[PDB]
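Order-wise, the sequence lines are chains C, C', A, B, B' and A'. A prime marks a further copy of an entry chain.
Sequence positions in the first sequence follow the authors' numbering and run 31 to 72, 78 to 105, 110 to 137, 145 to 162, 191 to 217, 223 to 244, 249 to 273.
Sequence positions in the second sequence follow the authors' numbering and run 31 to 72, 78 to 105, 110 to 137, 145 to 162, 191 to 217, 223 to 244, 249 to 273.
Sequence positions in the third sequence follow the authors' numbering and run 8 to 187, 190 to 215.
Sequence positions in the fourth sequence follow the authors' numbering and run 7 to 188, 193 to 213.
Sequence positions in the fifth sequence follow the authors' numbering and run 7 to 188, 193 to 213.
Sequence positions in the sixth sequence follow the authors' numbering and run 8 to 187, 190 to 215.
Cβ atoms here follow ideal geometry from the backbone N, Cα and C, with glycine treated the same way.
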Amino acid sequence: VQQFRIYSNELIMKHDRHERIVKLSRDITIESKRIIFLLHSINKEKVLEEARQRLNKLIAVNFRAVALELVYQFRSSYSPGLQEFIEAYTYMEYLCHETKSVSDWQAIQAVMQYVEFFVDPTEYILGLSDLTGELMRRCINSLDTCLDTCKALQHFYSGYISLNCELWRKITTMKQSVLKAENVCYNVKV
Amino acid sequence: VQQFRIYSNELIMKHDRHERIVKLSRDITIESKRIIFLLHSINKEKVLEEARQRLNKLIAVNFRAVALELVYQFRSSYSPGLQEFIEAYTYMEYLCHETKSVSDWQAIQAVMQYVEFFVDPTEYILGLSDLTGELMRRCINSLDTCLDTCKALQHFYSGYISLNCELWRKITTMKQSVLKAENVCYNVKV
Amino acid sequence: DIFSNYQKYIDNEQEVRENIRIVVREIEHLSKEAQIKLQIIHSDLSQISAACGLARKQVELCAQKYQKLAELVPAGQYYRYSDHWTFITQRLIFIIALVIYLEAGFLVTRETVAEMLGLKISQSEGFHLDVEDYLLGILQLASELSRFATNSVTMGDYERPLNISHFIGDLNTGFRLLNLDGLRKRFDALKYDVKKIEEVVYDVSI
Amino acid sequence: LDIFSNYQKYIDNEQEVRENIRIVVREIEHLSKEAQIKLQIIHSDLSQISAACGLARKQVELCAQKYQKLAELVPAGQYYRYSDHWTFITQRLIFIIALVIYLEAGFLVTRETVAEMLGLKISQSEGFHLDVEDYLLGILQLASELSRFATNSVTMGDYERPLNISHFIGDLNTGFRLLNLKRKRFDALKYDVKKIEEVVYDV
Amino acid sequence: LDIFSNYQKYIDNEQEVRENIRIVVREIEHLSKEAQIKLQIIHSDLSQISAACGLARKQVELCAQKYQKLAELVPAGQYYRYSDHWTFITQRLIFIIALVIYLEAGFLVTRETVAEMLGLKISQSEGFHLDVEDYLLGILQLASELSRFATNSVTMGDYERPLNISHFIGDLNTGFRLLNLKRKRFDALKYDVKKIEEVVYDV
Amino acid sequence: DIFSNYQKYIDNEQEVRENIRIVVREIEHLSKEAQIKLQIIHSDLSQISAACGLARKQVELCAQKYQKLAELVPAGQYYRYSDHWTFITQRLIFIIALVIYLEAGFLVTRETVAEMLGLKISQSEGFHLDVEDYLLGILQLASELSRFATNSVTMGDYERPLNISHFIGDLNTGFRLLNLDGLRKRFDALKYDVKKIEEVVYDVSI
C-alpha cells in the first residue's frame with residue numbers, strides 16, 4: 031500500500047548514514063596510514084611528537100565519525120578506519136619505548159569517551203595484530224635494533240596464540260612474521 | 031654435456047607434430063561444426084545427402100590427421120576434432136532415421159581403416203553424448224517430431240546410466260536434457 | 008601482557024550466544040507447529056479457520072518467549088547477536104503475513120506485526136523488529152501463494168488466483184518503489202512468481 | 007625406524023583392508039546399475055512396470071548376499087572408519103527398493119524392510135547395520151524420481167498416477183518438514203513437491 | 007509423519023550428544039592453550055625451559071581427566087562417528103607431550119606413554135583410544151616446532167642444541183620415509203629437516 | 008543399444024590398470040630401499056661405497072620387475088597406462104643419477120640408464136624410457152645435492168660444494184638449452202638451488 035512510502039524512507043536514512051560514515055572511515059584510514067608512513071622514516080625524533088599530535092587530531096575526526104551516534112548496525116565501516124587507527128597508534132607506542147606497548151583498548155575508549191565515544195572491543199585485539207605487522211615494518215627498516228622487534232613479536236605471539244580460535252587468518256600470518264623476525268635476530272649473531 | 035643437443039631436438043619433434051596435429055584438429059572440429067549447423071536447417080532433404088558426402092570428405096581430412104601416425112602421446116588434440124566428428128556424424132544418423147542410431151565406433155574404425191586408421195574407443199562413447207546434445211537440438215528446432228527425440232534420449236540415457244562412473252559431468256547434463264525433452268513431450272499432450 | 012580479560016570478554020560473550028540459542032530453538036519449534044498447519048492448507052480448504060485459531064494460538068506463545076529473548080539483550084546489543092533470531096523472526100513475520108491473508112484480503116505491517124510478537128518498532132524503544140526482517144518475512148509469502156494458488160485451483164476455486172494475483176501485484180509494486190542491500194535478488198524472484206501467478210490467472214479461462 | 011616399522015605394517019594393513027572393501031563395493035554398484043536401467047524402462051513403457059520390478063528385486067537379493075560379505079569385512083566398531091563407500095551405494099539401493107515398493111503398492115518401505123531385504127541388521131549394535139541418514143537420503147531420491155515419473159505418465163497418457171504420487175509426496179514432504187537442519195536435499199524435495207502439484211493442477 | 011516422529015527424536019538426540027561433546031572438547035582446548043603459551047616461553051628464555059615443562063605437565067593431567075569424561079561420552083562403537091573434534095585437539099596434545107619429553111630427555115614419547123598420560127587406553131577395542139594417525143600428526147608438529155626452537159637457541163646463544171635436534175629430526179624424518187602415502195605433512199617435515207641441517211652447517 | 012561390450016572394454020581395461028599397480032607398488036618398495044640408503048649419506052660419509060653396491064644391488068632387481076611390467080603392455084599402449092609408473096620411474100632415474108655422481112664425477116644418460124633398467128629408448132623398439140621421465144628424474148638430483156652439499160660441509164669436505172657446484176652449473180646450462190611442457194617450473198626451482206649452492210661455495214672462504 032502507501033505503507034512503503036515510510037519503509038523505503040525509513041531505511042534510506044540508514045543508506046545515507048552508512049555512506050557518510052564510510053566517508054569518515056576513508057578519511058580516517060588514509061589519514062592514519064600517512065601517520066604510520068611518517069613513523070617509517072627510520078634521523079631525529081620530531082616525527083614522534085608531531086605524530087602523536089596528529090593522532091590527537093584524528094581523535095577529533097573520530098570525534099566526528101561518532102558525532103552522529105545514537110550499535111553494530113553501522114560498525115561495518117569500522118574497517119581500516121578503526122583498525123588502521125589502532126595500528127598506527129599502538130605503533131607510536133611500541134616504537135615509542137626504544145612490556146605492554148602499551149595502550150589497552152580500554153584506555154583508548156577512555157580517550158574517546160572525551161568525545162562529549192566509539193565502542194572499542196575486538197576491533198582492538200585486531201588492530202594490535204596489525205600493529206605486529208607494524209613492528210615488523212620498524213625492524214625491516216633496520217639494516223642492534225631488530226632484537227627489540229623480536230622480543231616484542233614473541234610476546235605478542237604468546238599473547239595471540241593465548242586465546243580462542249575469524250582471527251586464525253591473522254594469527255597464522257603473525258606466526259609467519261615472528262618466524263621472519265626470529266630468523267633475522269638469529270642471522271645477525273652469525 | 032653436448033648430450034642435450036639430442037634431447038631438445040628429440041622432443042622438439044614432438045612439439046612440432048603436436049602443433050600440426052592441433053592444426054588438423056581445428057580444421058576438423060570447425061569443418062564438422064559447420065556440418066551439424068547444416069543439419070540444423072530443420078524444408079527439403081538435400082542437406083542429408085550433401086552432408087553425408089561432406090562427412091565423407093572429412094574422412095579424407097581425418098585420413099590426413101592420421102597420415103602422420105607411427110599412441111595416446113598425441114591423442115590430446117583428439118579434442119573436439121575427434122569428438123565433434125562423432126557428434127555430427129551420429130547426428131546424420133539419428134535424424135537420418137525419421145533403434146541403434148546407429149553407427150557404433152567399431153564400424154567407424156572400419157571406415158577409418160580404409161585410410162591406407192585412427193583408434194576410436196571411449197572418445198566414441200563421449201561423442202555420442204554430444205550426439206544426445208545434437209538430438210536435443212533437432213527437437214528444439216521443432217515448434223509431432225519431438226517425441227522421436229524423447230524416445231531417443233530415454234534410450235540413450237538408459238544406455239549411459241547403464242555403465243561405470249570423468250563422464251559423470253556428461254551424464255548429469257544429459258539427464259537434465261532428457262528432463263527438458265520429457266517435459267516438452269509432456270507439455271505437448273496438454 | 009595479560010590477555011586474561013582480553014579473552015574473558017568474548018568468553019562472557021559466548022555464554023550469552025548460547026542462552027539466546029536455546030531461545031532460538033524453542034521458538035523454532037513453536038513456529039514449526041504453525042508451519043505444519045499451513046502446509047495442511049494445500050490439502051484441504053475446510054481447515055483454514057482452524058489453522059488460524061491454532062497458528063495464532065501458537066503465536067501468542069512465541070511472543071511470550073520473545074520477551075525472554077528481550078531482557079537478555081543489554082541496551083544496544085540487538086545488532087550484536089541479532090544474526091541468531093533473524094532467520095526465525097522472518098519465518099514468524101511470514102506466518103503472520105500468511106494468516107492475515109487467509110483471514111482478510113490484505114497483509115499486516117511493521118506495527119501490526121510487532122504488537123503481536125510483543126516487540127517494539129524504533130531501536131530507541133528497545134527490543135524491536137528490524138524492518139529488513141519484516142520485508143524478508145514478507146517475500147516468502149509470495150513463493151508460498153504460488154503453490155497455494157496452484158493447489159487452491161486443483162480444488163475448484165476460481166477466485167483464489169485472482170485475489171492472490173492482486174495481492175502479489177500490489178506487493179510487487181511496493182517492493183519496486185523501494186531503493187533501486191542483498192534483498193534485491195529476492196525481489197527478482199518475486200518478479201518470477203508474479204509471472205507464474207499471472208499465467209495461472211489466464212489459464213482460468215476454461 | 008625403531009618403532010616406525012610396526013606403524014608402516016599397521017597402516018599398510020589398514021589401507022589394504024580399505025582397497026579390499028572397495029572391491030566388494032564396486033561389485034554392489036554394478037548390480038545396482040542393472041536394476042537402475044530397468045526402472046528407466048518403467049520410464050519408457052508402462053507394461054514393463056511390473057516385470058521390471060521383479061528384475062530389480064532379483065538384483066536386490068544378490069546385493070544382500072554381498073552385503074553379508076561386506077558386513078564380514080568390517081571389524082569391531084570401525085564401521086564409521088570405513089563408512090562412506092557403502093553409504094553412497096546403499097543410498098542408491100534404499101532408493102531402488104523404496105521406488106520398487108511404491109511401484110508395487112502405494113507406500114514407502116520402512117528402514118526395517120529395506121534392512122531385511124539387504125540381509126542387513128537394523129541397529130548399530132549389530133556391527134554392520136543400515137544407518138538412518140542413508141535411509142532418509144535414499145527415500146529422498148525416491149521422491150526426486152517419482153516426479154520425472156508422473157510427468158512421464160501424463161506424457162504417455164495417464165491422468166491417474168500423478169495424483170497418487172502427489173499425495174504420497176505431499177505427506178512424505180510434510181514428513182521431512184518435521185525434521186531438523188545439520193540438508194539441501196530436504197529443500198530439493200520441497201521443490202519436487204511443487205513440480206508434481208503443478209502436474210496435478212494441470213488435470 | 008507416521009514414523010518420522012521417531013526419526014526426528016532420534017536425530018535431535020544425536021545432534022544433541024554432538025553439541026554436548028563439543029563442550030568437553032572446548033574445555034580441553036583451553037588447557038592445551040595454557041601449556042602452548044608456556045612453551046612459547048621456552049622460545050623466549052632458556053631458564054624457564056624446565057618450570058615451563060612442569061607447568062605443561064600439570065595441564066596435561068587435567069586434560070587426561072576430561073578425556074576420561076569424553077571417553078564416557080562415546081557409546082559402543084560410534085567412536086569414529088564423533089571422531090574429528092578430539093582428533094585436532096589430541097593432535098595438539100600429542101604434540102605438547104612429545105615436545106615436553108624432548109625438552110626433558112633427548113627422545114620422543116611413544117603412543118603408549120602419551121596414552122597413559124592422557125588416561126586413554128591404547129587399542130581400539132577399549133572403546134575410546136588414542137588413534138595412530140593422531141599420534142603421528144602430533145609428533146609431526148613436534149618436528150615443526152624444534153626448528154623454530156634450534157634457530158632460537160643459536161639466536162640467544164647456544165651452539166649445542168641445534169645438533170641434538172638435527173640428529174633427532176634426522177632419524178625421525180628417515181623414520182617417516184618408510185611410511186606410505188594415502193600426506194603433505196611428511197613432506198613438510200622433509201623440509202624442516204633441511205632448515206635444521208642448515209642451522210647446523212652454520213656452526 | 009547393447010552397451011555390454013561398450014562398457015566391457017573399459018571393464019577389461021581396469022583389470023590391467025590393477026595388474027600394473029601391483030608392479031608399481033613392489034617397485035615402490037624396491038626403490039624405497041635405495042632411497043633409505045641415500046638418506047643415510049647425510050649422516051656418515053664412510054658409507055658411500057656400500058650404499059652404492061647396495062643400491063645397484065637393488066636396481067638389478069628393479070629392472071627384473073620392470074620386464075614384468077613390459078609384457079603387460081600390448082604394443083602401443085605405453086602412453087595409455089604410463090601415468091602409473093612414471094612418478095616411480097623418475098625416482099629410479101634419480102636414484103641412478105645420484106649413485107653415478109657418488110661413484111663418478113658426472114651424470115648418466117638416457118641410454119646408460121635404460122640399459123640398466125632393462126628398458127629401451129625409441130618407442131619403436133618397444134617398452135622404453137620416455138625422455139621426460141628421464142629429465143624429471145634428473146632434476147630432483149639437484150634439490151638433493153643442495154642438502155648433501157650442506158651436510159657434506161658439516162663434515163669437513165671443502166671439495167664437495169665445488170664439485171657439486173660444477174655439476175649443477177653444467178646441468179643448469181643443459182636445461183637452459185632446452186625449449187624456452191610443465192617441467193619449466195622445475196627448471197626455475199633448479200635456478201634457485203644453483204643460487205644456494207653458489208652461496209655455500211662462497212662461504213667456504215673461512
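Which word fits A':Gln21, buried or exposed, when buried means at least 16 other C-beta atoms lie within 10 angstroms of its C-beta?
For the purposes of this step, residue 21 of chain A' is taken as residue 14 along the sixth sequence, with counting starting at 1. With fewer than 16 other Cβ atoms within 10 Å, it is exposed.
The alpha helix (DSSP H) that contains A:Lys127, what's its start and end?
Translated into the one-based positions of the third sequence, residue 127 of chain A becomes position 120. Counting along the chain, A:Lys127 falls outside any alpha helix (DSSP H), and DSSP gives it neither H nor E.
Output, in sequence order along the chain, the residues in the segment 33-44 of chain C' whose CB is closer than 7 Å to any CB in chain A'.
If the cut-off is 7 Å between Cβ atoms, the segment 33-44 of chain C' has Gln33, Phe34, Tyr37, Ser38, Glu40, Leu41, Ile42 near chain A'.
Straight-line gap, B':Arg63 to B:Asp8 (C-alpha atoms, nearest Å)
Locating residue 63 of chain B' in the fifth sequence gives position 57, where the first residue counts as 1. Locating residue 8 of chain B in the fourth sequence gives position 2, where the first residue counts as 1. Approximately 26 Å between the Cα atoms of the pair.
Under 8 Å by Cβ, that's how I've got C':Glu265 and B:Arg154 pegged, so tell me the actual separation to the nearest angstrom.
Residue numbering aside, residue 265 of chain C' sits at position 182 when the second sequence is read from its first letter. Residue numbering aside, residue 154 of chain B sits at position 148 when the fourth sequence is read from its first letter. Indeed, because the Cβ distance is near 7 Å, the residues count as touching under 8 Å.
Given C':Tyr236 as reference, the closest of C':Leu262, C':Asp223, C':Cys225, C':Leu226 once Cα atoms are compared
For the purposes of this step, residue 236 of chain C' is taken as residue 157 along the second sequence, with counting starting at 1. Just measuring C-alpha positions, the residue of C':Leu262, C':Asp223, C':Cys225, C':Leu226 sitting nearest C':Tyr236 is C':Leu262.
Limits of the alpha helix (DSSP H) - the one that C:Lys263 falls within
By one-based count along the first sequence, residue 263 of chain C stands at place 180. Secondary structure note for C:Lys263: its alpha helix (DSSP H) is the uninterrupted segment 251-271.
With DSSP as the reference, please indicate the residues paired to B':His135 in a beta bridge.
The count along the fifth sequence starts at 1 and reaches residue 135 of chain B' at position 129. Looking at the DSSP assignment, B':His135 forms a beta bridge with B':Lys127.
Quick one: list the residues of chain B neighbouring B':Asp18, beta-carbon separation under 7 Å, in chain order.
In the fifth sequence, residue 18 of chain B' corresponds to position 12, counting from 1. Neighbours of B':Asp18 in chain B, taken as residues whose beta carbon is under 7 Å from its own, are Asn186 in chain order.
In its own chain, which residues sit with a C-beta less than 7 Å from the C-beta of A:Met123, not counting the 5 before and 5 after it?
In the third sequence, residue 123 of chain A corresponds to position 116, counting from 1. Excluding the 5 residues flanking it on each side, A:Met123 has same chain C-beta neighbours closer than 7 Å at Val66, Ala70, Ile103, in chain order.
For B:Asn186 and B':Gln14, the rounded distance between their alpha carbons:
The count along the fifth sequence starts at 1 and reaches residue 14 of chain B' at position 8. The count along the fourth sequence starts at 1 and reaches residue 186 of chain B at position 180. C-alpha separation (whole angstroms): 7 Å.
Helix, strand or coil: which one does DSSP assign to B:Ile9?
Numbered from 1 along the fourth sequence, position 3 holds the residue referred to as residue 9 of chain B. DSSP places B:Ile9 in coil when its eight states are reduced to three.
Note down, in chain order, every chain B' residue with its Cβ under 8 Å from the Cβ of A':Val31.
Working through the sixth sequence from its first residue, we reach residue 31 of chain A' at position 24. Simply none; closest approach about 12 Å.
Just checking, does the segment 129-140 of chain B make contact with the segment 72-84 of chain B on the three C-beta pairs under 8 Å criterion?
They touch, by the three-pair rule.
8 Å Cβ cutoff, B:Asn158 in contact with chain C'
The sequence position of residue 158 of chain B within the fourth sequence is 152, counting from 1. For B:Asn158, the nearest beta carbon of chain C' is closer than 8 Å to its own beta carbon.
Whole angstroms is fine: what's the gap from B:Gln46's alpha carbon to B:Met162's?
Within the fourth sequence, residue 46 of chain B is the residue found at index 40, counting from 1. Within the fourth sequence, residue 162 of chain B is the residue found at index 156, counting from 1. Distance between the alpha carbons of B:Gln46 and B:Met162: 14 Å.
Reduced DSSP category for B:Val213 - H, G, I as helix; E, B as strand; rest coil
Along the fourth sequence, one-based indexing puts residue 213 of chain B at 203. B:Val213: coil per DSSP, three-state reduction.
Would you mind working out which of A':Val138, A':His173, A':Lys39, A':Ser89 sits nearest A':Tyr108, comparing C-alpha positions?
Indexing the sixth sequence from 1 puts residue 108 of chain A' at position 101. Cα-wise, what sits closest to A':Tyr108 is A':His173.
Please classify C:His48: does DSSP put it in a helix, a strand, or coil?
Reading the first sequence from its first residue, position 18 is the one you call residue 48 of chain C. Note: C:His48 maps to helix in three-state DSSP.
With a threshold of 8 Å between beta-carbons, can A:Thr161 be considered close to chain B, or not?
Here residue 161 of chain A refers to the residue found at position 154 of the third sequence. For A:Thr161, the nearest beta carbon of chain B is closer than 8 Å to its own beta carbon.
Mind listing the chain A neighbours of C:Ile199? Cutoff is C-beta to C-beta under 7 Å, in chain order.
Translated into positions along the first sequence, residue 199 of chain C becomes position 125. The CB of C:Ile199 comes closer than 7 Å to the CB of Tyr13 in chain A, given here in chain order.
Would you kindly work out how many angstroms separate the C-alpha atoms of C':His48 and C':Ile60, rounded to a whole number?
For the purposes of this step, residue 48 of chain C' is identified with residue 18 of the second sequence, where counting begins at 1. For the purposes of this step, residue 60 of chain C' is identified with residue 30 of the second sequence, where counting begins at 1. Taking the straight line joining both Cα atoms gives about 18 Å.
Local Cβ density within 10 Å of C:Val273, reported as buried at 16 or more and exposed below that:
Translated into positions along the first sequence, residue 273 of chain C becomes position 190. C:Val273 is classed as exposed because its beta carbon has fewer than 16 other beta carbons within 10 Å across all chains shown.
I need the boundaries of the alpha helix (DSSP H) containing A':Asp190, first residue and last residue.
Taking the sixth sequence and counting its residues from 1, the one referred to as residue 190 of chain A' is at position 181. Taken as a continuous stretch (DSSP letters only), A':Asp190 belongs to no alpha helix (DSSP H), as it is neither H nor E.
Nearest neighbour of C:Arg56, chosen from C:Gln259, C:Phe191, C:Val96 [CA to CA]:
Here residue 56 of chain C refers to the residue found at position 26 of the first sequence. When only C-alpha atoms are compared, the closest one is C:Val96.
Should the segment 200-216 of chain C be regarded as contacting the segment 122-131 of chain C, the criterion being three or more beta carbon pairs within less than 8 Å?
Taking 8 Å as the limit for Cβ pairs, the verdict is that the segment 122-131 of chain C does touch the segment 200-216 of chain C.
Would A:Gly144 pass as a contact of A:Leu99 if the rule is Cβ separation under 8 Å?
Position 137 of the third sequence, counted from the start, is the residue given in the question as residue 144 of chain A. Position 92 of the third sequence, counted from the start, is the residue given in the question as residue 99 of chain A. Taking 8 Å as the Cβ cut-off, A:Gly144 and A:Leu99 qualify as a contacting pair.
Whose C-beta lies closer than 8 Å to the C-beta of A:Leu52 among residues of the same chain, with five residues either side of it excluded?
The residue labelled residue 52 of chain A in the question sits at position 45 within the third sequence. Non-local C-beta neighbours of A:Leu52 in its own chain, meaning closer than 8 Å and more than five positions away in sequence, comprise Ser159, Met162, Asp164, ordered along the chain.
Between the Cα of C':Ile94 and the Cα atoms of C':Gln112, C':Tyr160, C':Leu68, C':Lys230, which residue gives the shortest distance?
Within the second sequence, residue 94 of chain C' is the residue found at index 59, counting from 1. When only C-alpha atoms are compared, the closest one is C':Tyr160.
What are the residues in the segment 80-98 of chain B' lying within 8 Å of chain B by C-beta distance?
Those residues of the segment 80-98 of chain B' that come within reach of chain B (Cβ to Cβ, closer than 8 Å) are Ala82, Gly83, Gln84, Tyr85, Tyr86, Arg87, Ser89.
Opening and closing residue of the alpha helix (DSSP H) in which B:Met162 lies:
Here residue 162 of chain B refers to the residue found at position 156 when the fourth sequence is read from its first residue. B:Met162: not part of any alpha helix (DSSP H); DSSP gives it neither H nor E.
Can you give the Cα-Cα distance for C':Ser118 and C':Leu205, rounded to whole angstroms?
Your numbering for residue 118 of chain C' matches position 79 in the second sequence. Your numbering for residue 205 of chain C' matches position 131 in the second sequence. Rounded to the nearest whole angstrom, the CA to CA distance from C':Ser118 to C':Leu205 is 15 Å.
If C:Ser147 and B':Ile43 are in contact, beta carbons under 8 Å, what's the gap, nearest whole angstrom?
For the purposes of this step, residue 147 of chain C is taken as residue 101 along the first sequence, with counting starting at 1. For the purposes of this step, residue 43 of chain B' is taken as residue 37 along the fifth sequence, with counting starting at 1. About 18 Å; that fails the 8 Å criterion.
Helix, strand or coil for B:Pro81 per DSSP?
The count along the fourth sequence starts at 1 and reaches residue 81 of chain B at position 75. Three-state result, B:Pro81: coil.
Relative to the C-alpha of C:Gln233, which candidate in C:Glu249, C:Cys244, C:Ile254 has its C-alpha closest?
Counting from one through the first sequence, the residue named residue 233 of chain C turns up at place 154. Minimum Cα distance to C:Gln233 is reached at C:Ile254.
Cβ distance (whole Å) where B':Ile95 is taken to contact B':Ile34 below 8 Å
Locating residue 95 of chain B' in the fifth sequence gives position 89, counting from the first residue. Locating residue 34 of chain B' in the fifth sequence gives position 28, counting from the first residue. With a beta-carbon spacing of about 5 Å, B':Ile95 and B':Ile34 fall inside the 8 Å limit used to define contacts.
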